[PDB]
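Here's the structure we're looking at; comments come further down.
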Amino acid sequence: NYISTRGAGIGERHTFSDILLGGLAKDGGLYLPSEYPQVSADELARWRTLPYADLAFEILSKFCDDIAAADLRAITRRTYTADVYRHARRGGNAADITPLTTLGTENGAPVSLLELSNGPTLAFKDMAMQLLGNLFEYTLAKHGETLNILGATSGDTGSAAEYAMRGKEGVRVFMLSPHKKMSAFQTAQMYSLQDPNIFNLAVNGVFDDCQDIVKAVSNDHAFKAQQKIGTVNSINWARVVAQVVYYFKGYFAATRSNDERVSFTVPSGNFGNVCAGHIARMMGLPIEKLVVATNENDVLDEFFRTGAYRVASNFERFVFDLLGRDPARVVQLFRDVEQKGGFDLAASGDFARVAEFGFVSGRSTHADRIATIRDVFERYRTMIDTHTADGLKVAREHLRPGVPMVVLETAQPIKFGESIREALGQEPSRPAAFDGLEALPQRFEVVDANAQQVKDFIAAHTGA
């Protein structure tokens with residue numbers, strides 16, 4: 001049973017499928033399960049040797065009792081294949097889906113990269129998005145209807161969304177991107193798509209103008225009903241579930257037996273990965289530390305260091321757990337933010353739950369990340385990107401002799417080429433598979449920063 005971070009859902013029934021499409025709860029909160037499903041010692045032992053798709057089935061099954069088991073297995077097996085997750089760049093077996101690449105021992109701990117970025121758009125959101133494509137298609141087939149997804153992107157999330165949803169029955173994607181303001185690789189991956197259910201709208205503004213238009217359409221309830229408007233952003237619970245799976249996969253790959261403990265480092269203070277790692281640990285996965293790298297973001301640093309915020313969907317899910325899963329406390333925190341200019345979890349006695357849950361944090365600077373990229377290229381003979389470098393720098397501050405440390409690789413170097421050029425004096429390396437991408441014919445519709453222009457476009461391209 002799924003309930004709201006702000007109190008709705010008690011005395012009701014919301015299944016996984018009921019909330020799949022990712023709406024907020026009725027009270028403005030986010031949906032969460034009423035308990036975290038527990039993995040027994042026997043289950044954990046049985047799961048160690050499962051291929052990724054079957055491990056995914058096991059975990060998704062804990063969170064979804066309303067979809068027939070056979071159908072969930074068919075969905076995960078269709079989703080997680082070597083062919084889709086084909087871009088393994090370090091000699092790994094793509095059938096692992098998220099191969100673990102061990103770098104070496106540091107402070108007595110084996111340090112590895114978990115390769116989450118071998119999917120079609122070379123970054124970690126392909127892990128959840130590919131699954132959401134199949135889940136959406138499956139669920140929408142039951143009603144013979146179409147979901148018209150509206151989203152915004154600066155390149156990476158929209159790419160992952162479009163590669164997951166292209167060609168899915170019952171789905172269209174209307175994606176707003178800032179015209180001429182994205183990197184060439186990301187622009188080409190999106191705009192080269194010819195699929196008739198994918199609509200790339202290049203907005204004459206910046207990313208925040210694109211987000212503002214999605215928000216404005218969010219507030220037009222009659223239009224949302226008329227056009228069956230959907231979202232695949234962080235409000236989506238299924239995306240978090242999907243991410244729990246690779247913590248299990250990485251744990252097993254990093255260990256020989258379930259007597260061992262593993263630490264993970266999450267780049268970029270990303271609350272979806274924070275949440276997913278925390279949820280895996282809460283289910284019984286033997287995670288020692290969850291290390292959160294926050295680069296030079298002072299807000300994130302301040303929160304993890306002190307529990308305070310002075311004035312993210314998934315921040316709210318995390319803080320709900322810090323506050324004891326009491327929705328009244330969450331509502332108060334948001335009242336403190338609005339009425340009193342921030343919150344202070346240390347003062348209220350709730351900050352102790354951050355360390356309780358295994359969390360620690362650290363920061364990196366641009367110079368630190370360049371140095372880390374250069375170090376890795378020389379010592380371990382491989383390219384890593386800026387996000388992975390933020391992760392590795394921070395990971396290195398939290399090594400315990402004897403405890404594997406797994407750093408999430410959240411984007412491949414080709415996605416963030418500027419820092420690779422600065423660090424390594426060259427473009428990211430790329431195989432023949434990607435030759436000509438940026439020169440392919442591009443298909444997009446330019447629109448101004450005008451919400452009604454976007455509404456008109458959607459209405460003219462759905463048949464509603």
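Following the order of the structure tokens, chains are lettered A, B, ..., residues in each are numbered from 1, and ligands are numbered from 1.
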
Surrounding residues of residue A:464 excluding itself and chain neighbours under 4 positions, 9 Å, only C-alpha atoms, as a ChimeraX atom specification: /A:226-228,459-460

Filtered DSSP result for stretch 363-410 of chain A, state strand (DSSP E or B), as a list in words: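 Filtering stretch 363-410 of chain A down to strand (DSSP E or B) leaves residues 405, 406, 407, 408 and 409 of chain A.
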
Residues near residue A:373, cut-off 12 Å, only C-alpha atoms, skip fewer than 2 positions along chain, as a PyMOL selection string: chain A and resi 366-371+375-393+413+417+419-425+428

Residue contacts of stretch 405-410 of chain A (9 Å, only C-alpha atoms) excluding same-chain residues fewer than 4 positions away, as number ranges by chain: A: 100, 102, 109-117, 122-125, 250-251, 254, 262-267, 289, 384-385, 387-389, 391-392, 395-396, 398-400

Pick from A:245, A:451, A:173, A:253, whichever lies nearest to residue A:61 using only C-alpha atoms: A:245

Point-to-point distance from atom CA of residue A:92 to atom CA of residue A:397, Å rounded to tenths: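 Taking atom CA of residue A:92 as the start and atom CA of residue A:397 as the end point, the length is 27.0 Å.
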
One-decimal distance in Å that lies between atom CA of residue A:185 and atom CA of residue A:205: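 Distance between the two atoms: 19.5 Å.
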
Among the residues A:276, A:24, A:32, A:217, the one that comes closest to residue A:246 [using only C-alpha atoms]: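 The shortest atom-to-atom distance to residue A:246 comes from A:276.
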
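Candidate residues A:326, A:301, A:106, A:338 were compared for distance to residue A:362, and the nearest is A:301, using only C-alpha atoms.
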
For residue A:130, the nearest of the candidates A:321, A:238, A:44, A:107, counting only C-alpha atoms: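 Looking only at the distances to residue A:130, the closest residue turns out to be A:238.
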
Among the residues A:347, A:433, A:311, A:135, the one that comes closest to residue A:120 [using only C-alpha atoms]: A:433

Option closest in space to residue A:361, from A:164, A:21, A:50, A:300 [counting only C-alpha atoms]: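 Smallest distance to residue A:361 is found for A:300.
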
Which neighbours of stretch 138-142 of chain A fall inside 9 Å, counting only C-alpha atoms, when residues of the same chain fewer than 3 positions from it are skipped, and could you give them as a CSV table (one decimal) with C-alpha atoms, in the first residue's frame?
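Saved file selection34.csv follows:
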chain,number,residue,atom,x,y,z
A,17,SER,CA,-0.1,0.3,-10.7
A,20,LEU,CA,2.6,4.2,-11.7
A,21,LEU,CA,2.1,7.1,-14.0
A,71,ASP,CA,4.1,-10.4,-16.4
A,75,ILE,CA,8.8,-6.9,-18.4
A,133,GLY,CA,8.8,2.5,-20.9
A,134,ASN,CA,7.6,-1.2,-20.6
A,135,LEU,CA,5.6,-0.6,-17.4
A,145,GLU,CA,-5.7,4.9,-24.1
A,146,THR,CA,-2.7,7.2,-24.6
A,147,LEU,CA,-0.6,9.1,-22.1
A,169,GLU,CA,2.1,1.9,-27.8
A,170,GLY,CA,-0.2,4.3,-26.0
A,171,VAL,CA,2.6,6.9,-25.2

d(atom CA of residue A:143, atom CA of residue A:168) in Å: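 So the two atoms, atom CA of residue A:143 and atom CA of residue A:168, lie 14.7 Å apart.
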